[PDB]
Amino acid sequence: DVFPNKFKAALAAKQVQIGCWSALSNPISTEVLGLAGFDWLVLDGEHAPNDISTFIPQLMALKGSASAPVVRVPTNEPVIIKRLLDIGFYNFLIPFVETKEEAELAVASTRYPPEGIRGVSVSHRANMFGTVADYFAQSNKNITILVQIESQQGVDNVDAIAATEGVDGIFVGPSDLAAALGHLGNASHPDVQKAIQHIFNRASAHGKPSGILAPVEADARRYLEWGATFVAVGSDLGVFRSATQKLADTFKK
């Protein structure tokens, strides 16, 4: 049931995918998170204490969950992507995608030659140790590549990036984008808001779905109205912090 990648297809079909970020970096809470019904969960390897050692336990925790696991790599480089592919990730979120070349490299990092440069191994979690049918051929067509536009250069080259073959979705990272535009900590600033819609619009111009992280409901709904389809509406860490604080406050004397 590994292939076809249902998430990748849903995205292409322009269907709304509701997601949740994951930074708690442990299999116990992540197993619980997998019961919520989110369409996709982002195991953050860039801003959370996640790595191969924590990723496998969480992927195992998510076995049976309807949620599509997505790894947000620490950076766009071929080696860590090679390693994350074999441990079982079929969907990737690439931070700071600033040029056409970088978008091409990200895609190539997930495809075996001649299409890409992915290193070959005959047995691992990805092909469930040789039990995944026609693995080598099917893998090349079933990896989701979501590139993050969150820098001025990325915005400048958004068209070339979105036009890149293999780039399945254009994702806006609000915090870094805001910082890039001189508005650190203030993504709601008008100029950042304009940049966001511009990114969504250019994604659409190239037939690629757009996405974003929006933990504030009002923002998430506005982005959805603007045409975004794969929207992360919060994070396990954020809801845990908020919910635990609220419970304590409710009884505060």
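Don't overthink the numbering: it's just position in the shown sequence, from 1.
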{"query": "Residue range whose averaged C-alpha B-factor is higher in the record, 77 to 85 or 178 to 186", "finding": "178 to 186"}
{"query": "Average Cα temperature factor in the PDB entry - higher stretch of 11 to 19, 229 to 237", "finding": "11 to 19"}
{"query": "Identity of residue with top Cα B-factor, from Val132, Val147, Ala108, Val71", "finding": "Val132"}
{"query": "Assigned third (lowest, middle, highest) for the C-alpha B factor of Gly64", "finding": "highest"}
{"query": "Third of the chain's Cα B-factor distribution that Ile199 belongs to, per the entry", "finding": "middle"}
{"query": "Among modelled residues of the same chain, the CA temperature factor third for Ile170", "finding": "middle"}
{"query": "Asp51 CA temperature factor, ranked by third within the chain", "finding": "highest"}
{"query": "Chain third (lowest, middle, highest) by recorded CA B-factor, residue given as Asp39", "finding": "lowest"}
